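>>> Sequence and experimental coordinates follow.
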Amino acid sequence: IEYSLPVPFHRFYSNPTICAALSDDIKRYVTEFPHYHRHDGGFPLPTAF
Amino acid sequence: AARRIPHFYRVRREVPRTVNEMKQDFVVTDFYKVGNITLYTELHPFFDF
Amino acid sequence: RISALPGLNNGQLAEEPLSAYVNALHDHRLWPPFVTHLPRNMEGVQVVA
Amino acid sequence: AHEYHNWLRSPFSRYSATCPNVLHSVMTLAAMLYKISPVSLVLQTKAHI
């Protein structure tokens, strides 16, 4: 974990769970908005993607 | 952009749903009913608007 | 997975997620009979000893 | 002993008495918890449930 970085990018491969576990800022993002915790997509990508 | 993902997630703000994703979730026969807002956008079968 | 509507439950109308409104299992008012750890959030809740 | 201010009433136990042990019983107990409210009702009816 300490030598790792999450990058949810595609329409798939965008688990909120794994990226939240890997970096605490994503955990704050998810815990602020519980509804976004969805696996069906629509978990907001970074604006670039 | 690879390492900026937490920097984007630092903002504690949601994002509006994309028009295609908002169009998606209507049930098979409910899509035609006037309660569906997105209908004015579904113009063409080959191309999206 | 059955409890929520994974296709419909995204969105907000308060500090709460929409999923809490549709089914009590997602609503954090309903404490389970046996608890080992206090929840992260108790906004509407107060407990008495 | 007060039971009208309780969150889960007696019909749940009455159903638990005659409950078969198939996993469908756990799931139907989960679906039993669906809330009653204008938001819950509109969310349920949008899915045609």
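Thanks, I have it. Numbering: from 1, shown residues only, chains lettered A, B, ... in the order given.
>>> What are the boundaries of the helices in chain C?
Taking DSSP state H as the criterion, chain C carries its helices at C:18-22.
>>> Return the residues in contact with the residue nearest to the spatial centre of it.
In chain C, the centroid-proximal residue (CA atoms, centre = their mean) is residue C:27; its distance is 2.1 Å. By CB atoms under 8 Å, 6 or more residues apart in numbering or on different chains, residue C:27 lies in contact with C:16, C:20-21, D:35. Using the backbone N, CA and C atoms, a C-beta is placed for each residue, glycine as well.
>>> Distance of it relative to residue B:20?
Computed as CB to CB, to the nearest Å, the residue C:27 to residue B:20 distance reads 30 Å.
>>> nearest residue to residue A:36 other than its sequence neighbours?
residue A:43 (5.8 Å; CB to CB, 6 or more residues apart in numbering or on different chains).
>>> Spatially nearest residue to residue B:42, not counting backbone neighbours?
Nearest to residue B:42 is residue B:23, by CB to CB, 6+ apart, at 6.9 Å.
>>> Helix, strand or coil: sort out the one you found for me.
helix (DSSP: H, G, I helix; E, B strand; the rest coil).
>>> can you pull the contacts of it?
Contacts of residue B:23 by CB under 8 Å, 6+ apart are B:38, B:41-42.
>>> can you rerun that using 10 Å?
Neighbouring residues of residue B:23 by CB atoms under 10 Å, 6 or more residues apart in numbering or on different chains: B:17, B:31, B:36-39, B:41-42, B:48.
>>> Can you tell me which of these end up in strands?
For the contacts of residue B:23, not one is inside strands, with DSSP state E as the criterion.
>>> is it possible to export those to a markdown table including neighbour count?
Shown next, in a markdown table, are the contacts of residue B:23 (neighbours: other CB atoms under 10 Å in any protein chain shown):
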| residue | neighbour count |
| --- | --- |
| B:17 | 15 |
| B:31 | 15 |
| B:36 | 14 |
| B:37 | 11 |
| B:38 | 15 |
| B:39 | 14 |
| B:41 | 12 |
| B:42 | 14 |
| B:48 | 11 |
